[PDB]
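*Asks:* Dropping the structure in here first, questions after.
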Amino acid sequence: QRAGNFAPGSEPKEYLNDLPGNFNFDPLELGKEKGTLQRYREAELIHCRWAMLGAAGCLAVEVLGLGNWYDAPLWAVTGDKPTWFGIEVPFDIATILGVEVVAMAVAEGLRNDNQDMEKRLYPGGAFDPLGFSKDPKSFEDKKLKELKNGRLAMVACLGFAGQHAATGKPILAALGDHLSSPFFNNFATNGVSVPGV
Amino acid sequence: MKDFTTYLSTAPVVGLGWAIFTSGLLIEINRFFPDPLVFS
Amino acid sequence: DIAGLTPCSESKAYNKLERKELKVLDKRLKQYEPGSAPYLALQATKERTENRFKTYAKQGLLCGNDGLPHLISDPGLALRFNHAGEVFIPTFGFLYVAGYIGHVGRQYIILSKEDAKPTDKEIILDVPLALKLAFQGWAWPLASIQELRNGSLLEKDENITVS
Amino acid sequence: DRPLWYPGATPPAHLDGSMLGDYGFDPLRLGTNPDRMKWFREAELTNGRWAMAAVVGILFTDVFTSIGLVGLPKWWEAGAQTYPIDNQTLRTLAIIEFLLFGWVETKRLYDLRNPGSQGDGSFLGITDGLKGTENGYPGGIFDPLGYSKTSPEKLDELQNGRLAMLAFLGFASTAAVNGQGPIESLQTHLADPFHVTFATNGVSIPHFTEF
Amino acid sequence: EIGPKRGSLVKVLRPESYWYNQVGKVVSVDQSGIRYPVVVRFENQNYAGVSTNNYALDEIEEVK
Amino acid sequence: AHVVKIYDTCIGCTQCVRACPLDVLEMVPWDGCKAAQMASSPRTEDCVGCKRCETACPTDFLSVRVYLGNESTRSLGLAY
Ligand code: CHL
Ligand code: CLA
Ligand code: CLA
Ligand code: CLA
Ligand SMILES: CC(/C=C/C=C(C)/C=C/[C@@]12O[C@]1(C)C[C@@H](O)CC2(C)C)=C\C=C\C=C(C)\C=C\C=C(C)\C=C\[C@@]12O[C@]1(C)C[C@@H](O)CC2(C)C
Ligand code: SF4
């Protein structure tokens with residue numbers, strides 16, 4: 001089931017013998033032990049799934065012309081109300097922090113109490129109403145798509161952060177500088193990304 | 001002469017020749033090139 | 001500049017220290033005659049002193065409020081502000097020499113221990129062998145990583161312990 | 001084994017075996033262990049092959065410069081001539097140089113570790129051409145002229161390559177004490193040999209004897 | 001024969017000994033039921049100046 | 001009032017017995033060694049703690065140990 005090799009000709013790693021998304025990657029032998037791998041495989045899918053939603057968010061704000069992902073929480077210091085598609089949601093800052101904690105604590109706690117190692121990664125029933133998981137072939141194939149797309153969101157959400165710190169420009173504007181003048185507008189010409197430029 | 005060369009191969013005699021080399025080298029490198037501190 | 005230090009060229013105390021150290025010799029030079037050897041000795045010391053001060057200024061050194069040159073150690077600030085020759089570069093000039101002494105002594109120890117009576121070879125050295133190794137050590141970093149990557153550098157639990 | 005760098009009585013220990021450009025020149029005995037001798041051999045090639053293609057830009061062009069056909073600059077100041085140009089490509093060149101070489105060189109680094117190790121579906125469809133006959137001498141890169149049985153035209157590759165490695169060391173040293181280009185240094189040794197040398201004018205030795 | 005061969009090198013395993021995890025020549029072995037029969041000789045001296053000591057069968061093992 | 005204990009590694013050299021000035025140590029037959037001898041420490045009341053006995057034992061580690069302890073007139077070597 002090996003999707004490929006990150007380094008063709010590299011030595012096979014037996015700890016990743018048959019899993020979804022195997023590329024024989026691990027060079028630091030993290031995951032040598034069998035029990036820790038089940039935890040990492042759980043952490044990867046959840047660090048994935050949170051990134052994919054958060055990534056489409058930052059694009060959704062800028063694509064639809066609403067504003068920046070960075071300036072979204074700035075209403076608190078100014079005092080104005082937040083908005084969602086300019087609807088003027090009324091809740092206050094202390095109300096968000098209270099509902100978020102109690103809601104997610106109920107959710108995360110129920111997840112940890114599963115004690116079914118396969119369903120801790122890939123639940124069923126209510127979390128998939130339409131029933132794509134019934135077909136084992138497409139299920140096995142769609143798992144590679146969940147993981148390949150997810151690793152793009154994670155590495156790239158980091159890019160939204162790193163791009164912002166060196167240059168305060170937003171996402172789509174920072175891209176336009178590459179397309180307008182690629183060789184001049186790069187991370188090397190930031191003056192902060194590389195010491196000594 | 002075989003025993004004389006062997007005496008010259010003892011520890012202190014060889015150390016004397018080493019000391020004259022390292023010391024004379026450093027001194028003459030300070031006789032010429034006086035007062036180095038920064039290396040160009 | 002950096003760390004609130006002035007260059008030695010622009011400093012006043014640096015030139016004050018030069019005018020002082022020359023005044024001592026000029027007073028000492030008045031006693032003797034022009035063409036005598038004590039006169040030639042002091043004039044040379046005067047020539048060296050004038051050369052010491054201008055060369056340290058030319059080298060972009062940094063002098064403090066006391067007027068004496070200061071050295072900088074971080075390679076980042078050294079390379080950024082052009083002060084690398086002070087500390088950063090001599091660090092590699094030493095380690096090349098120090099490892100030379102280790103790679104040489106380590107080889108003489110190993111090779112004499114492969115023969116009979118190695119104790120005599122320490123007090124009565126094999127000078128032909130010692131000179132051979134001493135002129136073969138110009139490339140000791142190559143041999144070290146060769147010996148590390150191979151695994152014949154370190155011993156493996158064949159050493160004495162105490163408990 | 002080809003002739004000896006000393007004609008007389010300098011017995012080598014491990015170079016009697018077959019290898020290219022073997023003249024028995026290893027005083028420091030850095031090629032004792034065969035595994036790293038295999039590594040230094042490839043280093044002599046990448047330095048040899050790279051140095052030669054570099055020396056032409058200094059040599060083939062400066063000959064045309066001294067004759068007067070072209071007005072190109074000298075290698076000691078060609079770098080400061082590019083970036084002040086209006087249509088220029090400011091220093092994203094150091095990093096792109098590393099991002100591009102990092103892709104190729106690690107493909108060469110993993111070949112010496114696992115020879116002929118390029119998987120079937122790793123590259124798009126050219127996985128077969130990338131396999132090499134030997135380390136340092138691949139197949140599909142040269143289009144003609146590698147089907148002879150007496151393959152040691154390689155000796156030309158080394159004797160020409162070792163020579164160029166001396167050139168750039170001489171270009172860099174000549175261009176640090178003479179202050180002029182390499183060819184300008186040649187026209188002087190021909191016009192006044194005894195006066196323009198490394199001893200008297202080129203300050204490589206402290207010679208101050210005015211009497 | 002009860003023990004190691006004459007002239008054979010062996011490695012020591014007494015934790016108390018100056019020669020622990022070190023190698024020495026077997027000088028002799030006694031086959032009369034003695035507790036510490038194996039006589040061993042080392043080149044390096046101990047702190048006192050003695051270069052021999054009688055070791056046991058279990059306390060010695062093959063070289064390296 | 002010192003303590004003297006001899007261990008299983010004795011080989012019957014008798015060098016411990018010859019060295020002790022105060023006659024604390026004597027040789028007794030035994031079946032463990034080639035020499036068929038072993039030391040003993042019957043009269044430690046006269047021991048003084050010179051540790052000349054330990055100095056003479058040629059073993060890898062000592063077959064004889066003097067564990068110092070409570071003092072006395074005989075142990076302190078007091079003529080008075
Ligand atoms: C998930 C992490 C991941 C990591 C860390 C690596 C790391 C590596 N891979 Mg992969 N790989 C990874 C995933 C994967 N690789 C491959 C397939 C391969 C192959 C086939 C090869 C590598 C190789 C390499 C090496 C590349 C070094 C290099 O040049 O980098 C420097 C950085 C870069 C190259 C990125 C540059 C950015 C760039 C792509 C921009 C693109 C836009 C254009 C430039 C626009 C055009 C402009 C024009 C004008 C120039 C390195 C050891 C090579 C190697 O050494 O193999 C032994 C190799 O041959 N990888 C697959 C598919 C199965 C992967 C799937 O996840
Ligand atoms: C190997 C090729 C080579 C060649 C052909 C030259 C040629 C020359 N060098 Mg040069 N040089 C070289 C390498 C070379 N160099 C290297 C590697 C260094 C660094 C150590 C130098 C450092 C240097 C300095 C510092 C100076 C020269 C100068 C000169 C010129 C005058 C001769 C001289 O001073 O004696 C050359 C002195 C040497 C110490 C190098 C000679 C030793 C080489 C390795 C022997 C090679 C054998 C043989 C010549 C090969 C034939 C090749 C030929 C058929 C193409 C002359 C054009 C002088 C100048 O100003 O030019 C006008 C000068 O001041 N060179
Ligand atoms: C935190 C996120 C995270 C986690 C937990 C995992 C976990 C896993 N990945 Mg994975 N991966 C991720 C992100 C993550 N990945 C991202 C973003 C990419 C795209 C670059 C990949 C690409 C990838 C491939 C291609 C493969 C894996 C594989 C694996 C599995 C085996 C290796 C292992 O045990 O690593 C354990 C790793 C950790 C616990 C993370 C520790 C990180 C430390 C603290 C360092 C973090 C700082 C780091 C040095 C710098 C990162 C920033 C950088 C931009 C400068 C394991 C399930 C292999 C496999 O078989 O999967 C089935 C495999 O072939 N991953
Ligand atoms: C003439 C008087 C005289 C003096 C002053 C000495 C002094 C010394 N002898 Mg000695 N010796 C003498 C006569 C003398 N000997 C005679 C007549 C003989 C019979 C041939 C010997 C035979 C002899 C032997 C066989 C040995 C000495 C050693 C030594 C040194 C002791 C080791 C030490 O501390 O360094 C410890 C050193 C290190 C831990 C590391 C090495 C670094 C050293 C110090 C550098 C070299 C020092 C150099 C010799 C000093 C110059 C000589 C000095 C007296 C002016 C000491 C320097 C021993 C030795 O190794 O000498 C170096 C040694 O093995 N001697
Ligand atoms: C995790 C991550 C990268 C992980 C990669 C790792 C660990 C690499 C590991 C390896 O290299 C090694 C070390 C060693 C090898 O042996 C193993 C591997 C595996 C090969 C990136 C970021 C991944 C990003 C994650 C997980 C979270 C994303 C969510 C975001 C950014 C949401 C933000 C917002 O909600 C707010 C806050 C603010 C609003 O304005 C906007 C919105 C969008 C609403
Ligand atoms: S000195 Fe030790 S080894 Fe010797 S006879 Fe006495 S007890 Fe035994």
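Residue numbering restarts at 1 in every chain; chains get A, B, ... in the order shown in the structure tokens, and ligands count up from 1 in that same order.
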Counting only C-alpha atoms and all ligand atoms, what residues are within 8 Å of ligand 4, given as a PyMOL selection string?
*Replies:* (chain B and resi 7+10-19) or (chain C and resi 122-124)
*Asks:* Export, as a short mmCIF file (atom, residue, chain, number, x, y, z; two decimals), in the first residue's frame, the selected residues with C-alpha atoms.
*Replies:*
data_model
loop_
_atom_site.label_atom_id
_atom_site.label_comp_id
_atom_site.auth_asym_id
_atom_site.auth_seq_id
_atom_site.Cartn_x
_atom_site.Cartn_y
_atom_site.Cartn_z
CA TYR B 7 70.53 8.78 24.67
CA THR B 10 65.36 9.96 25.54
CA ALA B 11 62.46 12.06 26.76
CA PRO B 12 64.19 15.19 28.15
CA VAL B 13 66.67 15.58 25.30
CA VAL B 14 63.90 15.38 22.70
CA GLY B 15 61.88 17.78 24.83
CA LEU B 16 64.75 20.25 24.84
CA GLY B 17 64.86 20.25 21.05
CA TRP B 18 61.10 20.71 20.96
CA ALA B 19 61.27 23.66 23.34
CA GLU C 122 57.76 6.21 25.81
CA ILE C 123 60.92 7.08 27.74
CA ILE C 124 63.16 6.35 24.73
#
*Asks:* Leaving out residue 60 of chain D and any residue of its chain fewer than 4 positions from it, which residues lie within 12 Å of it when counting only C-alpha atoms, given as a PDB file with N, CA and C atoms, in the first residue's frame?
*Replies:*
ATOM      1  N   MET D  52      36.880  22.660 -14.419  1.00  0.00           N
ATOM      2  CA  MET D  52      37.240  22.839 -15.814  1.00  0.00           C
ATOM      3  C   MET D  52      36.227  23.712 -16.539  1.00  0.00           C
ATOM      4  N   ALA D  53      34.935  23.430 -16.362  1.00  0.00           N
ATOM      5  CA  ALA D  53      33.907  24.257 -16.983  1.00  0.00           C
ATOM      6  C   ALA D  53      33.914  25.672 -16.416  1.00  0.00           C
ATOM      7  N   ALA D  54      34.495  25.860 -15.232  1.00  0.00           N
ATOM      8  CA  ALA D  54      34.622  27.197 -14.667  1.00  0.00           C
ATOM      9  C   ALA D  54      35.796  27.950 -15.273  1.00  0.00           C
ATOM     10  N   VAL D  55      36.913  27.257 -15.494  1.00  0.00           N
ATOM     11  CA  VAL D  55      38.132  27.906 -15.961  1.00  0.00           C
ATOM     12  C   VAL D  55      37.956  28.460 -17.368  1.00  0.00           C
ATOM     13  N   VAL D  56      36.983  27.948 -18.121  1.00  0.00           N
ATOM     14  CA  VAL D  56      36.781  28.433 -19.481  1.00  0.00           C
ATOM     15  C   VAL D  56      36.217  29.845 -19.452  1.00  0.00           C
ATOM     16  N   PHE D  64      39.764  36.676 -25.571  1.00  0.00           N
ATOM     17  CA  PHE D  64      39.057  37.549 -26.499  1.00  0.00           C
ATOM     18  C   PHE D  64      39.041  38.984 -25.986  1.00  0.00           C
ATOM     19  N   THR D  65      39.137  39.160 -24.667  1.00  0.00           N
ATOM     20  CA  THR D  65      39.144  40.501 -24.094  1.00  0.00           C
ATOM     21  C   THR D  65      40.460  41.216 -24.370  1.00  0.00           C
ATOM     22  N   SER D  66      41.585  40.536 -24.146  1.00  0.00           N
ATOM     23  CA  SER D  66      42.884  41.173 -24.336  1.00  0.00           C
ATOM     24  C   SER D  66      43.115  41.517 -25.799  1.00  0.00           C
ATOM     25  N   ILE D  67      42.569  40.707 -26.709  1.00  0.00           N
ATOM     26  CA  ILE D  67      42.676  40.987 -28.135  1.00  0.00           C
ATOM     27  C   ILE D  67      41.786  42.142 -28.561  1.00  0.00           C
ATOM     28  N   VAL D  70      35.762  41.825 -27.465  1.00  0.00           N
ATOM     29  CA  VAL D  70      34.664  42.050 -26.535  1.00  0.00           C
ATOM     30  C   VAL D  70      35.167  42.876 -25.359  1.00  0.00           C
ATOM     31  N   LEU D  72      34.011  42.569 -22.096  1.00  0.00           N
ATOM     32  CA  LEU D  72      33.495  41.965 -20.881  1.00  0.00           C
ATOM     33  C   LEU D  72      34.419  42.278 -19.704  1.00  0.00           C
ATOM     34  N   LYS D  74      36.489  41.400 -15.975  1.00  0.00           N
ATOM     35  CA  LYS D  74      37.301  40.316 -15.448  1.00  0.00           C
ATOM     36  C   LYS D  74      36.559  39.587 -14.337  1.00  0.00           C
ATOM     37  N   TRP D  75      36.966  38.340 -14.101  1.00  0.00           N
ATOM     38  CA  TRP D  75      36.283  37.499 -13.128  1.00  0.00           C
ATOM     39  C   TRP D  75      36.373  38.050 -11.713  1.00  0.00           C
ATOM     40  N   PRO D 182      44.411  37.100 -15.129  1.00  0.00           N
ATOM     41  CA  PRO D 182      45.342  35.997 -15.380  1.00  0.00           C
ATOM     42  C   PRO D 182      46.111  36.163 -16.678  1.00  0.00           C
ATOM     43  N   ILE D 183      45.425  36.629 -17.721  1.00  0.00           N
ATOM     44  CA  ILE D 183      46.063  36.768 -19.024  1.00  0.00           C
ATOM     45  C   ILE D 183      46.969  37.988 -19.043  1.00  0.00           C
TER      46      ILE D 183
END
*Asks:* Write out as a PyMOL selection string each polymer residue (protein, DNA or RNA) that has an atom no more than 8 Å from ligand 2, with only C-alpha atoms and all ligand atoms counted.
*Replies:* chain D and resi 163+166-174+176-178+182-189+193+196-204
*Asks:* Output C-alpha atoms for every residue in that selection, as a PDB file, in the first residue's frame.
*Replies:*
ATOM      1  CA  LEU D 163      45.300  20.641 -14.037  1.00  0.00           C
ATOM      2  CA  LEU D 166      45.693  24.261 -10.126  1.00  0.00           C
ATOM      3  CA  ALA D 167      44.515  27.025 -12.456  1.00  0.00           C
ATOM      4  CA  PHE D 168      41.837  28.534 -10.239  1.00  0.00           C
ATOM      5  CA  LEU D 169      44.172  28.368  -7.255  1.00  0.00           C
ATOM      6  CA  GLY D 170      46.653  30.316  -9.361  1.00  0.00           C
ATOM      7  CA  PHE D 171      44.009  32.699 -10.671  1.00  0.00           C
ATOM      8  CA  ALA D 172      42.864  33.445  -7.127  1.00  0.00           C
ATOM      9  CA  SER D 173      46.404  33.913  -5.822  1.00  0.00           C
ATOM     10  CA  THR D 174      47.623  35.869  -8.845  1.00  0.00           C
ATOM     11  CA  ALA D 176      45.254  38.823  -4.847  1.00  0.00           C
ATOM     12  CA  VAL D 177      48.870  40.052  -5.007  1.00  0.00           C
ATOM     13  CA  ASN D 178      49.341  41.100  -8.657  1.00  0.00           C
ATOM     14  CA  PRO D 182      45.342  35.997 -15.380  1.00  0.00           C
ATOM     15  CA  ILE D 183      46.063  36.768 -19.024  1.00  0.00           C
ATOM     16  CA  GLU D 184      47.432  40.220 -18.227  1.00  0.00           C
ATOM     17  CA  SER D 185      49.794  38.402 -15.864  1.00  0.00           C
ATOM     18  CA  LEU D 186      50.843  36.173 -18.769  1.00  0.00           C
ATOM     19  CA  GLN D 187      51.612  39.024 -21.169  1.00  0.00           C
ATOM     20  CA  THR D 188      54.060  40.420 -18.600  1.00  0.00           C
ATOM     21  CA  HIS D 189      56.036  37.221 -17.913  1.00  0.00           C
ATOM     22  CA  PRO D 193      60.188  37.359 -17.418  1.00  0.00           C
ATOM     23  CA  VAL D 196      57.562  39.924 -13.001  1.00  0.00           C
ATOM     24  CA  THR D 197      57.559  36.834 -10.777  1.00  0.00           C
ATOM     25  CA  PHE D 198      56.258  35.584  -7.445  1.00  0.00           C
ATOM     26  CA  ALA D 199      59.525  36.475  -5.698  1.00  0.00           C
ATOM     27  CA  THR D 200      60.395  40.100  -6.409  1.00  0.00           C
ATOM     28  CA  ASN D 201      57.240  41.945  -7.508  1.00  0.00           C
ATOM     29  CA  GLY D 202      54.407  39.668  -6.430  1.00  0.00           C
ATOM     30  CA  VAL D 203      54.717  39.966  -2.659  1.00  0.00           C
ATOM     31  CA  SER D 204      54.557  36.305  -1.712  1.00  0.00           C
TER      32      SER D 204
END
*Asks:* Would you work out the distance separating atom CA of residue 18 of chain A from atom 32 (C, counted along the ligand's line) of ligand 3, expressed in Å to one decimal?
*Replies:*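 So the answer is 13.0 Å.
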*Asks:* Residues of chain C that have any atom at most 10 Å from an atom of chain A: could you tabulate them with the shortest-distance atom pair and the distance in Å to one decimal, using only C-alpha atoms, ordered by chain and increasing number, as a tab-separated table?
*Replies:*
residue	atom	partner	partner_atom	distance
C:76	CA	A:195	CA	9.2
C:79	CA	A:196	CA	9.5
C:80	CA	A:196	CA	8.0
*Asks:* Using only C-alpha atoms and all ligand atoms, which residues of the polymer chains come no farther than 8 Å from ligand 3? I'd like the answer as a PyMOL selection string.
*Replies:* chain A and resi 5-6+16-17+19-26+29-32+36-45+47-48+150-155+158
*Asks:* Write out, as a short mmCIF file (atom, residue, chain, number, x, y, z; two decimals), in the first residue's frame, the residues just selected, with N, CA and C atoms.
*Replies:*
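The new file selection34.cif reads:
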data_model
loop_
_atom_site.label_atom_id
_atom_site.label_comp_id
_atom_site.auth_asym_id
_atom_site.auth_seq_id
_atom_site.Cartn_x
_atom_site.Cartn_y
_atom_site.Cartn_z
N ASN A 5 7.82 7.03 -2.28
CA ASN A 5 9.00 7.27 -1.47
C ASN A 5 9.33 8.76 -1.48
N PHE A 6 9.55 9.30 -0.28
CA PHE A 6 10.08 10.66 -0.18
C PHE A 6 11.51 10.73 -0.69
N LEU A 16 6.49 1.26 9.54
CA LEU A 16 5.45 1.83 8.70
C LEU A 16 5.08 0.90 7.56
N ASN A 17 5.06 -0.41 7.82
CA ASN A 17 4.98 -1.40 6.76
C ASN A 17 3.70 -1.27 5.95
N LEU A 19 0.33 1.14 6.32
CA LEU A 19 -0.58 2.15 6.84
C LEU A 19 -1.02 3.07 5.72
N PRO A 20 -2.08 3.85 5.91
CA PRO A 20 -2.42 4.87 4.92
C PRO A 20 -1.42 6.00 4.94
N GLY A 21 -1.03 6.45 3.75
CA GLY A 21 -0.11 7.56 3.63
C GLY A 21 1.34 7.22 3.84
N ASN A 22 1.70 5.94 3.78
CA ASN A 22 3.09 5.55 4.00
C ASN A 22 3.96 6.04 2.86
N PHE A 23 5.05 6.72 3.21
CA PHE A 23 6.08 7.11 2.26
C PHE A 23 7.47 6.70 2.74
N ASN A 24 7.55 5.86 3.77
CA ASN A 24 8.83 5.42 4.33
C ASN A 24 9.64 6.60 4.82
N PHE A 25 8.98 7.54 5.49
CA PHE A 25 9.62 8.83 5.74
C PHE A 25 10.56 8.79 6.93
N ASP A 26 10.08 8.32 8.08
CA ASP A 26 10.65 8.62 9.39
C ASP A 26 12.16 8.43 9.44
N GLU A 29 13.44 7.95 13.47
CA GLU A 29 12.93 6.77 14.17
C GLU A 29 11.89 7.12 15.22
N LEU A 30 11.21 8.26 15.08
CA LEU A 30 10.04 8.53 15.90
C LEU A 30 8.87 7.71 15.39
N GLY A 31 8.33 6.87 16.27
CA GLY A 31 7.41 5.83 15.88
C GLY A 31 8.02 4.45 15.84
N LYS A 32 9.24 4.29 16.36
CA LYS A 32 9.84 2.96 16.44
C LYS A 32 9.01 2.05 17.33
N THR A 36 3.37 4.18 20.66
CA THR A 36 3.44 5.61 20.39
C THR A 36 2.94 5.93 18.99
N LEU A 37 3.08 4.98 18.06
CA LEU A 37 2.64 5.23 16.69
C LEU A 37 1.14 5.41 16.62
N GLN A 38 0.39 4.66 17.42
CA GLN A 38 -1.06 4.81 17.44
C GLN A 38 -1.46 6.19 17.94
N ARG A 39 -0.64 6.79 18.80
CA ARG A 39 -0.92 8.14 19.27
C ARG A 39 -0.59 9.16 18.21
N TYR A 40 0.57 9.03 17.57
CA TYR A 40 0.96 9.96 16.52
C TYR A 40 -0.02 9.91 15.36
N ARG A 41 -0.46 8.71 14.98
CA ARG A 41 -1.42 8.59 13.89
C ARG A 41 -2.74 9.24 14.25
N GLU A 42 -3.05 9.32 15.54
CA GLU A 42 -4.22 10.06 15.98
C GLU A 42 -3.95 11.56 15.97
N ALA A 43 -2.74 11.96 16.36
CA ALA A 43 -2.42 13.38 16.41
C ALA A 43 -2.34 13.98 15.01
N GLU A 44 -1.85 13.19 14.05
CA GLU A 44 -1.69 13.69 12.69
C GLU A 44 -3.04 14.01 12.07
N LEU A 45 -4.02 13.12 12.25
CA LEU A 45 -5.32 13.31 11.62
C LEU A 45 -6.07 14.48 12.24
N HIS A 47 -4.45 17.17 14.00
CA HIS A 47 -3.72 18.35 13.54
C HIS A 47 -4.04 18.63 12.08
N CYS A 48 -4.27 17.57 11.29
CA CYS A 48 -4.75 17.75 9.93
C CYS A 48 -6.09 18.45 9.91
N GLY A 150 -4.56 17.07 3.81
CA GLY A 150 -4.39 17.63 5.13
C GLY A 150 -2.99 18.13 5.38
N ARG A 151 -1.99 17.41 4.87
CA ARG A 151 -0.60 17.83 5.07
C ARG A 151 -0.30 19.12 4.32
N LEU A 152 -1.06 19.42 3.27
CA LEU A 152 -0.93 20.71 2.62
C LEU A 152 -1.44 21.83 3.51
N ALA A 153 -2.55 21.60 4.20
CA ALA A 153 -3.13 22.65 5.03
C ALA A 153 -2.22 22.98 6.20
N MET A 154 -1.56 21.97 6.77
CA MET A 154 -0.75 22.18 7.96
C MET A 154 0.50 22.97 7.63
N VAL A 155 1.25 22.52 6.62
CA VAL A 155 2.47 23.21 6.22
C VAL A 155 2.15 24.62 5.76
N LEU A 158 1.07 27.25 8.46
CA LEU A 158 2.31 27.81 8.99
C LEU A 158 2.84 28.90 8.07
#
*Asks:* If the limit is 9 Å from any atom of ligand 6, counting only C-alpha atoms and all ligand atoms, which residues qualify? Return them as a short mmCIF file (atom, residue, chain, number, x, y, z; two decimals) with N, CA and C atoms, in the first residue's frame.
*Replies:*
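Contents of the output file out.cif:
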data_model
loop_
_atom_site.label_atom_id
_atom_site.label_comp_id
_atom_site.auth_asym_id
_atom_site.auth_seq_id
_atom_site.Cartn_x
_atom_site.Cartn_y
_atom_site.Cartn_z
N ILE F 6 39.79 -12.50 57.74
CA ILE F 6 40.49 -13.06 56.60
C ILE F 6 39.48 -13.79 55.74
N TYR F 7 39.66 -13.71 54.42
CA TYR F 7 38.66 -14.14 53.47
C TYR F 7 39.14 -15.38 52.71
N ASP F 8 38.27 -15.86 51.82
CA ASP F 8 38.45 -17.14 51.16
C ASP F 8 39.62 -17.17 50.19
N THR F 9 40.20 -16.01 49.86
CA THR F 9 41.20 -15.95 48.80
C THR F 9 42.62 -16.16 49.29
N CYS F 10 42.82 -16.48 50.57
CA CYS F 10 44.16 -16.71 51.08
C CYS F 10 44.80 -17.89 50.38
N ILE F 11 46.12 -17.81 50.20
CA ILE F 11 46.90 -18.84 49.51
C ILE F 11 48.04 -19.38 50.36
N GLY F 12 48.12 -18.98 51.63
CA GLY F 12 49.17 -19.51 52.49
C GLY F 12 50.55 -18.98 52.17
N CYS F 13 50.68 -17.67 52.00
CA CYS F 13 51.98 -17.06 51.78
C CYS F 13 52.75 -16.86 53.07
N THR F 14 52.06 -16.67 54.19
CA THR F 14 52.62 -16.41 55.51
C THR F 14 53.26 -15.03 55.61
N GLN F 15 53.13 -14.17 54.60
CA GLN F 15 53.76 -12.86 54.66
C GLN F 15 53.01 -11.94 55.61
N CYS F 16 51.71 -12.17 55.79
CA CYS F 16 50.96 -11.42 56.78
C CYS F 16 51.43 -11.74 58.19
N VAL F 17 51.72 -13.02 58.45
CA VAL F 17 52.12 -13.44 59.78
C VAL F 17 53.51 -12.92 60.12
N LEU F 25 48.43 -12.74 64.31
CA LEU F 25 48.07 -13.67 63.25
C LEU F 25 48.90 -14.94 63.34
N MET F 27 49.07 -19.21 61.45
CA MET F 27 48.70 -20.07 60.33
C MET F 27 48.01 -21.32 60.85
N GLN F 37 47.36 -24.26 53.75
CA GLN F 37 47.46 -23.38 54.90
C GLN F 37 46.44 -22.27 54.78
N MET F 38 46.10 -21.69 55.92
CA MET F 38 45.26 -20.51 55.99
C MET F 38 45.67 -19.73 57.22
N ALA F 39 45.41 -18.43 57.20
CA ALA F 39 45.73 -17.61 58.35
C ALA F 39 44.65 -17.75 59.42
N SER F 40 44.81 -16.96 60.48
CA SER F 40 43.77 -16.81 61.49
C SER F 40 44.10 -15.59 62.33
N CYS F 53 49.92 -5.97 57.67
CA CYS F 53 49.36 -7.20 57.15
C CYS F 53 48.73 -6.99 55.78
N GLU F 54 47.92 -5.94 55.64
CA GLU F 54 47.30 -5.64 54.35
C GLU F 54 48.35 -5.32 53.29
N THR F 55 49.48 -4.76 53.71
CA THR F 55 50.50 -4.35 52.75
C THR F 55 51.18 -5.55 52.11
N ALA F 56 51.16 -6.71 52.79
CA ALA F 56 51.95 -7.85 52.34
C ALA F 56 51.12 -8.84 51.54
N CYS F 57 49.81 -8.79 51.66
CA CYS F 57 48.97 -9.74 50.95
C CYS F 57 49.08 -9.50 49.44
N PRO F 58 49.52 -10.50 48.64
CA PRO F 58 49.78 -10.23 47.23
C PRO F 58 48.59 -10.43 46.31
N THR F 59 47.42 -10.71 46.88
CA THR F 59 46.25 -11.00 46.07
C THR F 59 45.85 -9.78 45.25
N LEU F 62 42.58 -7.81 48.83
CA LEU F 62 43.22 -8.39 50.00
C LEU F 62 42.43 -9.55 50.57
N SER F 63 43.15 -10.60 50.94
CA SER F 63 42.60 -11.67 51.75
C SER F 63 42.56 -11.34 53.23
N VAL F 64 43.06 -10.17 53.64
CA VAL F 64 43.13 -9.76 55.03
C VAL F 64 42.71 -8.30 55.07
#
*Asks:* Taking only C-alpha atoms and all ligand atoms into account, list the residues no farther than 10 Å from ligand 1, as a VMD selection string.
*Replies:* (chain A and resid 2 to 10 21 to 26 148 151 to 152 155 182 to 183) or (chain D and resid 95 to 111 117 to 119 121 to 124 127)
*Asks:* So that I can check the secondary structure, give me every residue of segment 43-180 of chain D assigned alpha helix (DSSP H) by backbone DSSP, as a PyMOL selection string.
*Replies:* chain D and resi 43-67+79-82+93-113+154-177
*Asks:* So what do you get for atom CA of residue 57 of chain A versus atom CA of residue 193 of chain A, distance-wise?
*Replies:* 25.6 Å
*Asks:* Skipping near chain neighbours, those fewer than 4 positions away, what residues fall within 10 Å of residue 31 of chain E using only C-alpha atoms, listed as a list in words?
*Replies:*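 The filter keeps residues 1, 2, 3, 37 and 38 of chain E.
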